[PDB]
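Structure, as structure tokens:
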Amino acid sequence: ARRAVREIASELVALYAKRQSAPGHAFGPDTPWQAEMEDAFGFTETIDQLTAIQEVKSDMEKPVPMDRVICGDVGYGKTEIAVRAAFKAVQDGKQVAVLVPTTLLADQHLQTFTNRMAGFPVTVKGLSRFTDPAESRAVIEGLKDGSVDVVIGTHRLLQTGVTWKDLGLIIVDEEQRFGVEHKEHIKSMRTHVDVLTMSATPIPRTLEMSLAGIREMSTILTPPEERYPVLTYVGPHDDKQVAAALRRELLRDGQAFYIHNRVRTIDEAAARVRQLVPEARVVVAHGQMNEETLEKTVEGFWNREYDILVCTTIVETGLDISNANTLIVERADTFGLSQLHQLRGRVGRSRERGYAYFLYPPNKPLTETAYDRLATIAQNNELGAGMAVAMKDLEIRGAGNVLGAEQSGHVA
Amino acid sequence: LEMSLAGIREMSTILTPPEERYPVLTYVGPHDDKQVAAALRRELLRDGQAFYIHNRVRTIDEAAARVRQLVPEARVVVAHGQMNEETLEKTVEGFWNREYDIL
Amino acid sequence: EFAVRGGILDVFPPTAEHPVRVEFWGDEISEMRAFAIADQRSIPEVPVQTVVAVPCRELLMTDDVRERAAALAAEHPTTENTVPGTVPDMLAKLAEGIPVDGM
Amino acid sequence: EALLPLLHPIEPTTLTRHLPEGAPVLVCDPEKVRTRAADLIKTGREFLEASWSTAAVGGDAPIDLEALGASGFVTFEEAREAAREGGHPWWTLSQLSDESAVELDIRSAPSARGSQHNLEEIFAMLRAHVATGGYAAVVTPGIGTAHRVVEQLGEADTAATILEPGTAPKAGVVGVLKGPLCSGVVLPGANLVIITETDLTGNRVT
Amino acid sequence: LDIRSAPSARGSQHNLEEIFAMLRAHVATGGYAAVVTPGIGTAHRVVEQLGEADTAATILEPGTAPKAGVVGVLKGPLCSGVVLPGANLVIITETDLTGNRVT
Amino acid sequence: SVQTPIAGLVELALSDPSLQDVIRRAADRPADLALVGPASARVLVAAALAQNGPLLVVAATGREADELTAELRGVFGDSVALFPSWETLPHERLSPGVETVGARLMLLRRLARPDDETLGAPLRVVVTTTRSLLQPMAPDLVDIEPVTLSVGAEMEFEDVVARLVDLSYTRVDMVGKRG
Ligand SMILES: Nc1ncnc2c1ncn2[C@@H]1O[C@H](COP(=O)(O)OP(=O)(O)O)[C@@H](O)[C@H]1O
């Protein structure tokens, strides 16, 4: 393994050096509009956020092209850093792009970029999968004339036909979910222009200071507003409790995640959901659908067209629906501790209190490891029993998203 | 009868419409699930509601289930005579207050 | 929450902004200071006056509630194979005196 | 008509072609028009695939749905491109403000909905306006409903005249008129203030 | 009570100019006008808008009352404004001017 | 006049210098003309552009087309007309209303032949919805000759009934509905 790692370190430091000697136009200090745009913020900036914006602005101002990561939980405000850095790059006359893995994120970041940067002569545009081929082929792709100052786009921005006119800044979000070809594409763009990535998965700090020279990474641990913990209930699968909880979440015009990973039966499962709450708009979503149907369904769930989303864990862990603050985990025994924590985290992030229901089947005796596991998450605790033991797993795939090697052979 | 029974009871008759009310467009044919789905979705596009008539009372619940399978974005409820008046009248009160989408 | 150490009691009252650490000596408190959750180190710039640790649940764990939790706990015993979220476990732990969720 | 691209195969033309040459096109609320247009394209798509699905059409070769796509809905961008290519300018009128827009000096009339104090404040708004010498006018779609407003005007320190149809109000007096108007308009550039009875009672009487 | 709600400029800047105009007329008469903004960094913006609307504006000292003859931009927690003609007072919130709620 | 009750009030509204500025800007046919104003101003701005000549006005939904269409009838009378939207989709297996189709073809012929007084006054403002704006049409529809009937015209009967039959007129024994 010691001989298998220096091969990775070689690419790392070689990228740092090629970045160091590369010629890239630095960015001047903030123009007068930047103060008004920063003070149009609806909320209040956080100390970790202010230090992050200072570090990002300084790295943009330094002649070395920027390669900085932003680590923080989903619901801590790094997107504001994205919009402010993009604005700063616009003020120096350089158009910028934002690369997202899914089209839903292109729409969300598109609307945030509209609202934050409105009132200024800045045309923001996005190229998702569902942007019609007329506007796509004409307005978005044909914007090599300085027509767009900032473009939010999915992987379609990485095909050969694309071309930029004075690309100044790249903003990456959830870089782990991209394809391998798209990953090597983005890394190819890293050396030429300033990049700025955002991540929801944390990294071990030993790696943070171990690879600090090649790639600076700023952490945000100050919550912007007290996001009180979701209320977890471990119990037997009773239909009346499920229906009551779903109707309570529907009372505040909220939405709910229902998790049934067995794709074979997911349809039937959703039907049973409609048996409990007939007035609920219930839909299904799983990875076996083609992306053209899946992303449309998830779009409908984000646009509040549906009330309850029955989906698999792959689909649920990777969505940022702020209106959804109730989770139903059918057959909670089958899931690992880490997966359960990930599932729970995707609810109760906004100003609303979230609820989670880890349910085990009552027709079969629960196993010993399911009894122990469910017991660890039962008494909600941040102790060393497993929340920290399974947090490291949340940092493993984070490392895999940071460094190039994915193989776990030498790790094992 | 209106003329013969006019001595003991008076009757007015409004034959003139209040405005230009249009005759509904009626389509007869074979039951195609896609056509029903598209129609119900079109009615949902103007925030409207729809009457789905299924006289078989033993399968009316199953019928509503299949309807929700055809259109998942629809809030469908059942209402029949075998229900007690207390539940049926509340179901109608919900359907009038736009708590549901298809009856 | 609260942690017990030799001559030092850490406690986080539900109404206090910062958790407070109190140093006892003999039979009276020797010092008081508010600390931070992150580094677990004390914050000297936050002056700590008299703190009032109010209860954290809307009930008191007396001997009577353990008695009635033992009478109710007698039924639904389920001594072996205690399920986590069911009422034999709940009432069993209430008779044992420890607070549990949904109490 | 649903089978028109297969029964009468002639390259269709848009509505903007029938307009006289040079006639502009004014799209009101362009964003709602855009989103709605997308909804029409989706709906027509669904009805085309549903009514003419090979599972429901018949036994031999299908109806070539691509051939029926011709008479289908034309997207917003294509409608704008064809309208511009026919000599018809594509002009817009939105409600949301824009820095790069010709913001007209026109504001909506004050609606006193759910407030008789605001209603008396509307009558008194017309009172102060006509005392200054400004043009005031009340448009009432109801036949004879203008007379009650006139009586209330002469009753509440104002002057009301049933203006003859097709005439503008004179300064100093409020000119109550019969005609079709939904919501009123306040133009300080023309010293004109137009109130509809919808603004007075919160009722749309089309 | 002799209390009227505030005029809420939906976002159309002609309504905004009209609101600032009625403020200008009210303070020209001698009445008290106050613009309450709970947001941090938005009071100076309201002062600039009033200056472009040719109105005398002043960021009020926290805890004071608006001086007669000048509009007082004040930093305080308010959702929607209120017009009290009996007290010769017009209070307009930043929310009414920008259509947004600052929590 | 009696047909247009609020023509003079809209004249007085058009004395405003911003509407006059819209006249001046629209006189030289600019590529982009973006206007911002309240909804109640539609009838004004439309009546503004109509001062330069005929124009099309596309409202969002049909209800807005009816409202604005009536508001413009208050100022132009029969000179302003409405192009109704189909009750069905272009590929739905249901024919739209015969009255809607009749209004559409009649308005298209009024646009083609403005001087034909039997069809109505020459067109000033044509209001429609997004549906009829997007949904295309066969160009040979205006060429279909209608059946002109006047007291004193020289027409043979079988030509009239045969022509109506060719115009998708349903032959019955007692007229009850249109068509
Ligand atoms: N300082 C703040 N206080 C409270 N809420 C905030 C703050 N900053 C951002 N938010 C809210 O939280 C979300 C910001 O996070 P988001 O844009 O989702 O990216 P991320 O979740 O990765 O931080 C937005 O919906 C915003 O409304």
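For the structure tokens, the naming scheme is as follows: chains receive sequential letters (A, B, ...) according to their order of presentation, residues are indexed from 1 within each chain, and ligands are indexed from 1 in presentation order.
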
Open item on the list: Which residues are near residue 41 (chain F)? Cut-off 10 Å, only C-alpha atoms, ignore same chain within fewer than 6 positions. Put them as a count of residues only.
Closed with: 12

TODO: Might you pull out every residue within 9 Å of region 176-178 of chain F, with only C-alpha atoms counted and same-chain residues fewer than 5 positions away left off, and present them as a PyMOL selection string?
DONE: chain F and resi 98-99+169

Put those residues in a file: C-alpha atoms, as a tab-separated table (two decimals), in the first residue's frame.
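Final file, part_11.tsv:
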```tsv
chain	number	residue	atom	x	y	z
F	98	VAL	CA	-69.05	24.87	-33.77
F	99	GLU	CA	-69.51	28.40	-32.44
F	169	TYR	CA	-73.51	21.70	-42.09
```

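Restricting the atom set to only C-alpha atoms and all ligand atoms, one finds that the residues within 8 Å of ligand 1 amount to residues 42, 43, 44, 45, 46, 72, 73, 74, 75, 76, 77, 78, 79, 80, 109, 112, 198, 199, 200, 223, 224, 225, 320, 322 and 350 of chain A.
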
- [ ] Please give the complete set of residues from chain C that DSSP, run on the backbone, assigns to alpha helix (DSSP H), formatted as a ChimeraX atom specification.
- [x] /C:63-74,87-95

- [ ] Excluding residue 96 (chain E) and any residue of its chain fewer than 2 positions from it, enumerate the residues within 10 Å of it, using only C-alpha atoms, and give them as a PyMOL selection string.
- [x] chain E and resi 6-11+16+35-37+79-81+92-94+98-101

Task: chain B residues near chain A (7 Å cut-off, only C-alpha atoms) as number ranges by chain - done: B: 72-77, 100

- [ ] Determine which residues of chain E sit within 8 Å of chain D, taking into account only C-alpha atoms, and present them as a VMD selection string.
- [x] chain E and resid 11 to 15
